[PDB]
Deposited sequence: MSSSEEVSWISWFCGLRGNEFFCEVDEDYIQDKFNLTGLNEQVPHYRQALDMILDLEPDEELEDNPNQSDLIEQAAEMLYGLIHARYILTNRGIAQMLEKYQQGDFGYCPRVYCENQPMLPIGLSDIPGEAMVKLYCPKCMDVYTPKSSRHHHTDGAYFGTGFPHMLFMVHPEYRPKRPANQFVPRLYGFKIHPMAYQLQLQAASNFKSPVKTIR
C-alpha cells in the first residue's frame, strides 16, 4: 500500500483522487508549497513512503496538508481531471440537493485557494451554485485541497459533460394559484 492509497481510502476522503507521483517527482509542480507547510521535506518523503525522519504525529498532518495542496494542482492537469471525471461519473461527490436539478451529480470545489479558510463545498454544473456536503465526514476538508477553478477546468476540457439546463423550475402556489413573488 502507498501512503497515498491509504490516505485516499480513509473515511472522509472520498473526494480525493490518487495523485500520480510522477507529477510529484517534478519539482516544478511543488513551487511555493515548501514555504507553506511545516516540515516540508519530512512530509514530502512520508507521502512518497520514503525514509522517515518523538511524536511523529504532527508530520502525518503536514503530509496531509502537503498532499492536499498538491492535489489541488494535480486535478488541473488532464490526468487529474480524468481521474476526477471518473469519480464524477461514479457520483463520488454526491448530487445537487436542489429539487429541480434532478440529482445532477456535483463536483468538489474550494471557495478559496488559500489553506484554512473554508471547507470544501459542492458545485453543481446544472445549478452553477455551490452547496455544503450533507455528510459531516467532509466538514473537515480544506477547500484549498481542491481549489476554485477545478470544476470549471474539467468542463472546459469535457464540454460534452456539461448538463442541459433545468426543464423545470419551482413555482410557488397557494391553492393552485401561481403566487408572485
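- Comparing the deposited sequence with the modelled residues, the stretches lacking C-alpha coordinates are 1 to 6, 60 to 66, 195 to 215.
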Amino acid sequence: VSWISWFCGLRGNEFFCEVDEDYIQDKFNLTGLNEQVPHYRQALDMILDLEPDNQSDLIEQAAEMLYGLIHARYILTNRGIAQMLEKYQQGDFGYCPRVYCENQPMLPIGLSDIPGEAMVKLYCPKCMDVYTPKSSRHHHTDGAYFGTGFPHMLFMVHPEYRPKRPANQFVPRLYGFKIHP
From here on, numbers count along this sequence of modelled residues.
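- When the mean C-alpha temperature factors of 28 to 36 and 122 to 130 are read from the deposited coordinates, 28 to 36 comes out higher.
- Averaged over their C-alpha atoms, the temperature factors of 43 to 51 and 63 to 71 are higher for 43 to 51.
- Compared with the other modelled residues of the chain, the Cα B-factor recorded for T148 ranks in the lowest third.
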